[PDB]
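Q: What follows is the file query_8.cif, containing mmCIF, C-alpha atoms and all ligand atoms:
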data_start
#
loop_
_atom_site.label_atom_id
_atom_site.label_comp_id
_atom_site.auth_asym_id
_atom_site.auth_seq_id
_atom_site.Cartn_x
_atom_site.Cartn_y
_atom_site.Cartn_z
CA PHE A 47 0.00 0.00 0.00
CA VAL A 48 3.09 2.21 -0.44
CA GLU A 49 1.57 4.02 -3.45
CA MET A 50 -1.49 5.01 -1.38
CA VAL A 51 0.62 6.73 1.30
CA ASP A 52 0.34 10.55 1.27
CA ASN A 53 -2.58 10.48 -1.22
CA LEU A 54 -4.58 13.06 0.76
CA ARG A 55 -4.22 16.84 0.60
CA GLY A 56 -6.14 19.86 1.89
CA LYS A 57 -6.28 23.10 3.84
CA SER A 58 -6.97 23.43 7.58
CA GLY A 59 -10.71 23.48 8.27
CA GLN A 60 -11.57 22.77 4.61
CA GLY A 61 -11.35 18.96 4.79
CA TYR A 62 -9.17 16.30 3.16
CA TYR A 63 -9.43 15.41 -0.53
CA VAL A 64 -8.25 12.56 -2.76
CA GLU A 65 -7.57 12.59 -6.51
CA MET A 66 -10.13 10.59 -8.49
CA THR A 67 -10.90 10.00 -12.17
CA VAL A 68 -14.40 9.82 -13.66
CA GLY A 69 -15.56 8.80 -17.15
CA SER A 70 -13.84 7.71 -20.37
CA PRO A 71 -11.48 9.33 -21.20
CA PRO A 72 -10.70 9.86 -17.47
CA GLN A 73 -11.50 13.30 -16.01
CA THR A 74 -9.31 14.21 -13.02
CA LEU A 75 -11.09 15.67 -9.98
CA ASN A 76 -10.21 16.40 -6.34
CA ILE A 77 -12.78 14.78 -4.07
CA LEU A 78 -13.50 15.35 -0.36
CA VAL A 79 -13.14 12.21 1.79
CA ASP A 80 -16.30 12.07 3.92
CA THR A 81 -17.22 9.23 6.29
CA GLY A 82 -20.27 11.26 7.41
CA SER A 83 -22.28 10.89 4.19
CA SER A 84 -23.03 8.25 1.53
CA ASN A 85 -23.38 10.04 -1.83
CA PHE A 86 -20.68 10.35 -4.46
CA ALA A 87 -21.52 13.84 -5.70
CA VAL A 88 -19.39 16.00 -8.00
CA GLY A 89 -19.64 19.51 -9.47
CA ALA A 90 -20.96 19.25 -13.03
CA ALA A 91 -21.48 22.92 -13.88
CA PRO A 92 -19.15 25.97 -14.05
CA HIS A 93 -19.64 27.30 -10.52
CA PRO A 94 -17.16 30.21 -10.03
CA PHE A 95 -15.52 28.52 -7.00
CA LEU A 96 -14.63 25.35 -8.93
CA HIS A 97 -11.20 24.68 -10.48
CA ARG A 98 -12.81 21.96 -12.61
CA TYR A 99 -16.06 20.01 -13.01
CA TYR A 100 -17.52 16.76 -14.37
CA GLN A 101 -18.34 17.09 -18.07
CA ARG A 102 -20.74 14.26 -18.88
CA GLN A 103 -20.77 15.10 -22.61
CA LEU A 104 -17.09 14.06 -22.89
CA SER A 105 -17.67 10.60 -21.40
CA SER A 106 -18.63 7.64 -23.61
CA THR A 107 -19.21 5.37 -20.58
CA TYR A 108 -21.70 7.75 -18.92
CA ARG A 109 -25.21 6.36 -18.35
CA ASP A 110 -28.19 8.53 -17.37
CA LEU A 111 -30.43 7.23 -14.58
CA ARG A 112 -33.11 9.82 -15.51
CA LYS A 113 -33.58 10.81 -11.86
CA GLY A 114 -32.86 13.97 -9.85
CA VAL A 115 -31.73 14.37 -6.25
CA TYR A 116 -32.21 17.27 -3.82
CA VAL A 117 -29.97 17.28 -0.73
CA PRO A 118 -30.49 19.98 1.93
CA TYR A 119 -28.14 20.00 4.93
CA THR A 120 -28.43 21.80 8.28
CA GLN A 121 -26.40 24.49 6.52
CA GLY A 122 -26.12 24.68 2.73
CA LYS A 123 -27.64 22.52 -0.02
CA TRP A 124 -27.01 20.90 -3.41
CA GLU A 125 -29.17 19.52 -6.22
CA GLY A 126 -27.94 16.93 -8.72
CA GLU A 127 -28.76 14.65 -11.63
CA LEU A 128 -28.12 10.94 -11.03
CA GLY A 129 -26.15 8.67 -13.35
CA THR A 130 -23.39 6.05 -13.53
CA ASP A 131 -19.86 6.12 -14.97
CA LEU A 132 -16.44 4.46 -14.65
CA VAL A 133 -14.54 5.68 -11.59
CA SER A 134 -10.91 5.10 -10.58
CA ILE A 135 -8.50 6.31 -7.88
CA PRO A 136 -5.00 7.00 -9.36
CA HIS A 137 -3.23 6.71 -5.98
CA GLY A 138 -5.45 3.86 -4.79
CA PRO A 139 -6.04 0.27 -5.96
CA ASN A 140 -5.41 -0.44 -9.66
CA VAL A 141 -9.10 -0.99 -10.46
CA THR A 142 -11.98 0.73 -12.26
CA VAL A 143 -15.62 0.39 -11.16
CA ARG A 144 -19.03 1.55 -12.37
CA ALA A 145 -20.40 3.77 -9.60
CA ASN A 146 -23.37 6.05 -8.96
CA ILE A 147 -22.54 9.72 -9.49
CA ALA A 148 -24.68 12.73 -8.59
CA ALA A 149 -23.89 15.46 -11.12
CA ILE A 150 -24.29 18.66 -9.08
CA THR A 151 -26.16 21.27 -11.15
CA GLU A 152 -27.16 23.71 -8.39
CA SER A 153 -25.81 24.51 -4.90
CA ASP A 154 -25.75 27.10 -2.10
CA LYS A 155 -23.14 27.35 0.69
CA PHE A 156 -21.77 23.92 -0.26
CA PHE A 157 -18.47 24.51 -2.09
CA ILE A 158 -15.81 26.51 -0.24
CA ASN A 159 -14.41 29.63 -1.93
CA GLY A 160 -10.66 29.05 -2.26
CA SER A 161 -10.76 25.28 -1.67
CA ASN A 162 -9.14 22.81 -4.07
CA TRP A 163 -11.91 20.18 -4.14
CA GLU A 164 -14.95 20.02 -6.45
CA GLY A 165 -16.81 16.95 -5.18
CA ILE A 166 -17.59 14.69 -2.23
CA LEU A 167 -16.98 10.97 -1.64
CA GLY A 168 -19.59 9.63 0.76
CA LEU A 169 -17.99 6.62 2.45
CA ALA A 170 -20.83 5.75 4.86
CA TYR A 171 -23.66 3.22 4.32
CA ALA A 172 -26.67 3.12 1.97
CA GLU A 173 -29.16 3.76 4.82
CA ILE A 174 -28.36 7.51 4.69
CA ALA A 175 -27.83 7.68 0.90
CA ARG A 176 -30.03 10.10 -1.04
CA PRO A 177 -32.71 9.93 -2.38
CA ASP A 178 -32.90 6.47 -0.72
CA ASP A 179 -31.01 3.27 0.20
CA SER A 180 -31.33 1.76 -3.30
CA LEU A 181 -28.62 4.13 -4.56
CA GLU A 182 -25.46 2.08 -3.99
CA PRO A 183 -22.58 4.05 -2.36
CA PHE A 184 -19.13 4.08 -4.02
CA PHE A 185 -17.37 1.74 -1.58
CA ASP A 186 -20.20 -0.81 -1.78
CA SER A 187 -19.82 -0.76 -5.59
CA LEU A 188 -16.03 -1.04 -5.25
CA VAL A 189 -16.18 -4.15 -3.02
CA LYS A 190 -18.88 -5.86 -5.12
CA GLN A 191 -17.12 -5.35 -8.48
CA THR A 192 -13.51 -6.07 -7.42
CA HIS A 193 -11.46 -8.20 -4.99
CA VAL A 194 -10.61 -5.14 -2.87
CA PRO A 195 -11.13 -6.09 0.82
CA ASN A 196 -14.12 -4.47 2.55
CA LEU A 197 -11.98 -2.10 4.63
CA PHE A 198 -10.41 1.35 4.41
CA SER A 199 -8.24 3.34 6.83
CA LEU A 200 -7.57 7.05 7.30
CA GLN A 201 -4.54 8.92 8.62
CA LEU A 202 -5.37 12.64 8.78
CA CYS A 203 -2.38 14.85 9.59
CA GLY A 204 -2.93 18.34 11.01
CA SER A 217 -1.33 22.90 3.97
CA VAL A 218 -2.45 19.58 5.51
CA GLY A 219 -1.85 16.01 4.31
CA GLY A 220 -2.64 12.37 5.02
CA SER A 221 -3.32 8.86 3.72
CA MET A 222 -6.40 6.93 2.66
CA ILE A 223 -5.48 3.25 2.49
CA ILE A 224 -8.12 1.44 0.43
CA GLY A 225 -8.52 -2.29 1.08
CA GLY A 226 -6.01 -2.48 3.92
CA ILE A 227 -3.88 -1.16 6.78
CA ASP A 228 -0.40 0.38 6.60
CA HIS A 229 1.51 -0.34 9.82
CA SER A 230 4.04 2.48 9.27
CA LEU A 231 1.17 4.96 9.77
CA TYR A 232 0.65 4.09 13.46
CA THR A 233 2.46 3.22 16.70
CA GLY A 234 1.38 0.72 19.36
CA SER A 235 -1.70 -1.44 18.94
CA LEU A 236 -5.04 -0.92 17.20
CA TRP A 237 -8.08 -0.94 19.48
CA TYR A 238 -11.47 -1.75 17.98
CA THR A 239 -14.92 -0.38 18.80
CA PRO A 240 -18.09 -1.97 17.34
CA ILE A 241 -20.10 -0.23 14.62
CA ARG A 242 -23.48 -0.14 16.38
CA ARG A 243 -25.52 0.35 13.20
CA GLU A 244 -24.58 0.50 9.51
CA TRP A 245 -25.83 3.95 8.46
CA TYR A 246 -23.36 6.51 9.73
CA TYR A 247 -20.21 5.07 11.29
CA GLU A 248 -22.03 4.97 14.63
CA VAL A 249 -20.11 4.20 17.82
CA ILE A 250 -20.82 4.26 21.58
CA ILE A 251 -18.93 6.46 24.06
CA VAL A 252 -19.10 5.00 27.57
CA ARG A 253 -17.04 7.48 29.64
CA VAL A 254 -15.56 10.97 29.18
CA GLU A 255 -12.57 12.31 31.11
CA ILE A 256 -11.19 15.85 31.26
CA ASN A 257 -7.60 15.68 32.59
CA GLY A 258 -8.39 12.23 34.02
CA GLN A 259 -11.52 13.52 35.77
CA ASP A 260 -14.82 11.83 34.92
CA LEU A 261 -17.82 14.02 34.02
CA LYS A 262 -20.06 11.70 36.10
CA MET A 263 -22.90 11.94 33.55
CA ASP A 264 -25.35 9.24 32.49
CA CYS A 265 -23.42 7.72 29.57
CA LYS A 266 -26.62 7.74 27.48
CA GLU A 267 -26.15 11.54 27.33
CA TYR A 268 -22.80 11.08 25.51
CA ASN A 269 -24.62 9.27 22.69
CA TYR A 270 -27.80 11.35 22.40
CA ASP A 271 -29.06 10.83 19.89
CA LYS A 272 -25.95 9.17 18.37
CA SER A 273 -22.14 9.22 18.22
CA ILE A 274 -20.42 9.09 14.82
CA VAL A 275 -16.97 9.16 13.20
CA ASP A 276 -16.98 11.87 10.52
CA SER A 277 -13.99 12.97 8.42
CA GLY A 278 -16.14 15.67 6.75
CA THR A 279 -16.59 17.58 10.01
CA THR A 280 -13.82 19.75 11.49
CA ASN A 281 -15.06 19.99 15.08
CA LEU A 282 -15.58 17.56 17.91
CA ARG A 283 -19.32 18.08 18.32
CA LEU A 284 -20.99 17.17 21.62
CA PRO A 285 -24.62 17.11 22.82
CA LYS A 286 -25.44 20.42 24.56
CA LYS A 287 -25.88 18.87 28.04
CA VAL A 288 -22.54 17.06 27.61
CA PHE A 289 -20.99 20.20 26.06
CA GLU A 290 -21.95 22.49 28.98
CA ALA A 291 -20.59 19.93 31.48
CA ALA A 292 -17.43 19.44 29.38
CA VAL A 293 -16.84 23.19 28.93
CA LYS A 294 -17.38 23.81 32.66
CA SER A 295 -14.63 21.27 33.41
CA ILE A 296 -12.33 22.83 30.79
CA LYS A 297 -13.09 26.27 32.29
CA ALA A 298 -11.98 24.99 35.71
CA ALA A 299 -8.77 23.29 34.51
CA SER A 300 -7.69 26.51 32.74
CA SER A 301 -8.42 28.84 35.67
CA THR A 302 -4.95 30.42 35.29
CA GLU A 303 -6.12 32.52 32.32
CA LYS A 304 -9.53 34.14 31.83
CA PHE A 305 -11.32 33.76 28.49
CA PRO A 306 -14.56 35.42 27.27
CA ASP A 307 -17.83 33.44 27.11
CA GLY A 308 -18.01 33.91 23.31
CA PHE A 309 -14.75 31.98 22.87
CA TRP A 310 -16.21 28.83 24.47
CA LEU A 311 -19.35 29.12 22.32
CA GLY A 312 -17.28 29.51 19.12
CA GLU A 313 -18.55 33.07 18.64
CA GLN A 314 -15.11 34.68 18.96
CA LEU A 315 -11.40 33.88 18.54
CA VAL A 316 -8.59 33.92 21.10
CA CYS A 317 -5.17 35.47 20.45
CA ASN A 326 -0.06 23.23 29.69
CA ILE A 327 -3.03 25.39 30.75
CA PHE A 328 -5.51 23.41 28.63
CA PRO A 329 -6.54 19.86 29.65
CA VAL A 330 -6.46 16.56 27.76
CA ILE A 331 -9.76 15.03 26.63
CA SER A 332 -10.26 11.27 26.93
CA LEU A 333 -13.13 9.36 25.33
CA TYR A 334 -13.76 5.79 26.46
CA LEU A 335 -15.20 3.70 23.64
CA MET A 336 -17.09 0.40 23.82
CA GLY A 337 -14.67 -2.51 23.34
CA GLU A 338 -14.99 -5.77 21.41
CA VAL A 339 -15.62 -7.78 24.58
CA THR A 340 -18.44 -7.63 27.16
CA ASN A 341 -17.56 -5.22 30.01
CA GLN A 342 -14.34 -4.20 28.19
CA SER A 343 -13.52 -0.70 26.91
CA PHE A 344 -10.55 1.36 25.71
CA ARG A 345 -9.78 5.09 25.81
CA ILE A 346 -8.54 7.61 23.25
CA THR A 347 -6.86 10.82 24.44
CA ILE A 348 -6.57 14.09 22.48
CA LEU A 349 -4.52 17.21 23.24
CA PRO A 350 -5.22 21.00 23.10
CA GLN A 351 -3.29 20.92 19.78
CA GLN A 352 -6.32 19.04 18.40
CA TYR A 353 -9.27 21.08 19.74
CA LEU A 354 -7.57 24.51 19.67
CA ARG A 355 -7.21 25.14 15.94
CA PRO A 356 -5.18 27.92 14.23
CA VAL A 357 -7.18 30.35 12.08
CA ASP A 366 -1.66 33.48 16.51
CA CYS A 367 -5.46 33.27 16.37
CA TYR A 368 -7.13 30.11 17.72
CA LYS A 369 -10.69 28.80 17.49
CA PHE A 370 -12.23 26.53 20.13
CA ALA A 371 -13.16 23.50 18.02
CA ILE A 372 -15.61 21.88 20.45
CA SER A 373 -19.24 22.79 19.78
CA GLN A 374 -22.77 21.93 20.91
CA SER A 375 -24.82 19.57 18.74
CA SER A 376 -28.44 18.63 18.01
CA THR A 377 -27.62 15.44 16.09
CA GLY A 378 -25.39 13.88 18.77
CA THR A 379 -21.63 13.45 19.16
CA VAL A 380 -19.54 13.96 16.02
CA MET A 381 -15.95 12.73 16.18
CA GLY A 382 -14.59 15.02 13.47
CA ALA A 383 -11.11 16.08 12.37
CA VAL A 384 -10.37 17.19 15.96
CA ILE A 385 -10.48 13.53 17.03
CA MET A 386 -9.29 11.85 13.81
CA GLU A 387 -6.11 13.95 13.40
CA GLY A 388 -4.74 12.40 16.60
CA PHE A 389 -5.21 8.82 15.39
CA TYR A 390 -4.90 6.27 12.62
CA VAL A 391 -8.52 5.19 12.09
CA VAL A 392 -9.44 1.83 10.54
CA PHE A 393 -12.94 1.48 9.10
CA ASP A 394 -13.21 -2.32 9.22
CA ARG A 395 -16.55 -2.71 7.43
CA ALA A 396 -16.12 -6.49 7.03
CA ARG A 397 -16.12 -6.99 10.82
CA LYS A 398 -18.45 -4.07 11.71
CA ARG A 399 -15.77 -2.32 13.79
CA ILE A 400 -13.59 0.79 13.87
CA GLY A 401 -9.94 0.63 14.92
CA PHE A 402 -8.06 3.40 16.70
CA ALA A 403 -4.28 3.69 17.07
CA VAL A 404 -1.86 6.53 17.89
CA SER A 405 -1.06 8.37 14.65
CA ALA A 406 2.59 8.55 13.60
CA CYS A 407 1.94 12.07 12.25
CA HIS A 408 -0.20 13.69 14.98
CA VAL A 409 0.71 17.13 16.37
CA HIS A 410 2.03 16.99 19.94
CA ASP A 411 4.54 18.58 22.35
CA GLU A 412 7.40 17.31 24.55
CA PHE A 413 5.20 16.88 27.65
CA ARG A 414 2.03 15.22 26.30
CA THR A 415 1.05 12.94 23.39
CA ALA A 416 -2.15 11.43 21.98
CA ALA A 417 -2.86 7.95 23.35
CA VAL A 418 -4.91 4.79 22.81
CA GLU A 419 -4.99 2.72 26.01
CA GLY A 420 -6.67 -0.47 27.24
CA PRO A 421 -8.20 -2.63 28.35
CA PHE A 422 -10.51 -1.00 30.91
CA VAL A 423 -13.43 -2.48 32.85
CA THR A 424 -16.65 -0.60 32.09
CA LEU A 425 -20.05 -1.99 33.09
CA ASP A 426 -23.51 -1.30 31.59
CA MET A 427 -22.07 -0.17 28.23
CA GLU A 428 -25.26 -1.26 26.42
CA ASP A 429 -27.21 1.32 28.46
CA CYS A 430 -25.11 4.09 26.89
CA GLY A 431 -26.68 3.58 23.44
CA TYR A 432 -29.80 5.61 22.64
CA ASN A 433 -32.88 3.87 21.22
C1 LIG A 501 -24.51 16.60 7.45
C2 LIG A 501 -24.42 18.11 7.52
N1 LIG A 501 -25.38 18.91 8.05
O1 LIG A 501 -24.95 20.24 7.95
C3 LIG A 501 -23.79 20.26 7.38
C4 LIG A 501 -22.99 21.52 7.09
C5 LIG A 501 -23.39 18.96 7.09
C6 LIG A 501 -22.09 18.56 6.41
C7 LIG A 501 -22.32 17.90 5.05
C8 LIG A 501 -21.02 17.48 4.35
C9 LIG A 501 -21.45 16.73 3.09
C10 LIG A 501 -20.18 18.69 3.96
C11 LIG A 501 -18.94 18.89 4.56
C12 LIG A 501 -18.15 19.99 4.22
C13 LIG A 501 -16.83 20.17 4.90
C14 LIG A 501 -16.52 21.37 5.55
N2 LIG A 501 -15.33 21.51 6.17
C15 LIG A 501 -14.44 20.49 6.19
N3 LIG A 501 -14.72 19.32 5.58
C16 LIG A 501 -15.89 19.13 4.94
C17 LIG A 501 -18.62 20.92 3.28
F1 LIG A 501 -17.87 21.98 2.95
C18 LIG A 501 -19.85 20.73 2.67
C19 LIG A 501 -20.63 19.63 3.01
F2 LIG A 501 -21.82 19.50 2.40
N4 LIG A 501 -20.23 16.52 5.13
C20 LIG A 501 -20.35 16.29 6.38
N5 LIG A 501 -19.69 15.26 6.94
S1 LIG A 501 -21.10 17.48 7.45
#
What does the file become when written as structure tokens?
A:
Amino acid sequence: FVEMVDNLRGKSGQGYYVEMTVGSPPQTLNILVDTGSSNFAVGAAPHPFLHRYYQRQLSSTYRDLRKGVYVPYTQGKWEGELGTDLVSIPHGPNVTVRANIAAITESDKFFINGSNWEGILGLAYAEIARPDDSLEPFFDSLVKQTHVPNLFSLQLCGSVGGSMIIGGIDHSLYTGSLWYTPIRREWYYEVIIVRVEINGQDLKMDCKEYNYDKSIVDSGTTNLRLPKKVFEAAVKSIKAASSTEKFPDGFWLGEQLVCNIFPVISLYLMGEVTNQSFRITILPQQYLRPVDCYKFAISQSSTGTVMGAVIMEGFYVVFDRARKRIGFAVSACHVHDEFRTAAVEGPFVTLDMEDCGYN
């Protein structure tokens, strides 16, 4: 998997993209790697922000599905025309598959002005695919049509770079051992957090709060998002541990910027074995992001916990779809200092972990 190493590029806060080819002859596009969605959607019209776009008229292998798709998000929206075409990943496996492609024809607050990507690769499951679950996601098409193993792994390094290893794991990308947490349900990459520690101090909350209404691993989100009740308890603990310096209330709410004092954040995840868990620890270097101007990258959420780039940049993350599990290991590229480092530690004894999941 040497040729797949360093195949990700991007800019801080703008996500991580991979080079892909679409159609025949192949059209080169930069595509956002997103484990928090399930559609392969690409710009297909000359939007001013786009360096390039999918030109269906130039592709002999393009097939029209004669169906539209409208996708509104919490913020922003895109509308596309559905079809299929031959797709390949130059710095991935040496294969070409026929995959569903949403040709984006209209959008608002979707593409980022100044970004170098013009499409999105939804790596999650068909359950959250749009318009419905009958539209096969790219990775499902990839596994069905080739002998590529049903697994991919991500090393996101905090302009920015990283690696997407398709069909396997590269052991040079991590130190120590991988620790696996079960995928609760195949829609998002849903996991269960069982305990949260701020500087080794437990929040003492009902663990069901940590996963209300869900907890997901999402490469297409910058922040570590937490449920409001968990967020206000977490922020209060972070306020106390950094009592040396005083910061405005707007800073903690992500309404303003700030220009050893900050605590580590540990998330205990459900293990592979009954009553067994493991913990992942992130540093201030992960949740205090440069914009020296810094933005507090922990925010309140209405859709549950989102383990975004804040979490993922500290670790090598294995999306083991074949075994319905997600592996975490200390990243060989994560940003740290001489006193503290990101950690993956286990095993720990945690009881009533099934009560933490919301139904
Ligand atoms: C769900 C959801 N609900 O409200 C919003 C906003 C979303 C996002 C949808 C999506 C598709 C998305 C992400 C980014 C991005 C931004 N910054 C760094 N990386 C990716 C973007 F620019 C545009 C996007 F459409 N990917 C996600 N995981 S979250």
Q: Do a neighbour search on range 327-339 of chain A at 10 Å with all atoms listed in the file, toss out local chain neighbours closer than 2 positions, and write the hits as JSON, numbers by chain.
A: {"A": [237, 238, 239, 240, 241, 242, 249, 250, 251, 252, 253, 254, 255, 256, 257, 258, 259, 260, 268, 292, 295, 296, 297, 298, 299, 300, 301, 302, 303, 341, 342, 343, 344, 345, 346, 347, 348, 349, 350, 351, 352, 353, 354, 385, 399, 402, 414, 415, 416, 417, 418, 419, 420, 421, 422, 423, 424, 427, 428, 430]}
Q: Could you check how far CA of residue 118 in chain A sits from CA of residue 89 in chain A, in Å to one decimal?
A: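 A separation of 15.7 Å between them.
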Q: For each of A:278, A:308, A:56, A:226, take the minimum atom-to-atom distance to ligand LIG 501 (chain A), counting only C-alpha atoms and all ligand atoms, then give the residue where this is smallest.
A: A:278
Q: Quick check, in Å to one decimal: how far apart do CA of residue 314 in chain A and CA of residue 272 in chain A lie?
A: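 Taking CA of residue 314 in chain A as the start and CA of residue 272 in chain A as the end point, the length is 27.7 Å.
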Q: Quick one: of A:79, A:409, A:396, A:288, who's nearest to ligand LIG 501 (chain A), counting all atoms listed in the file?
A: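 That would be A:79, the residue with the smallest distance to ligand LIG 501 (chain A).
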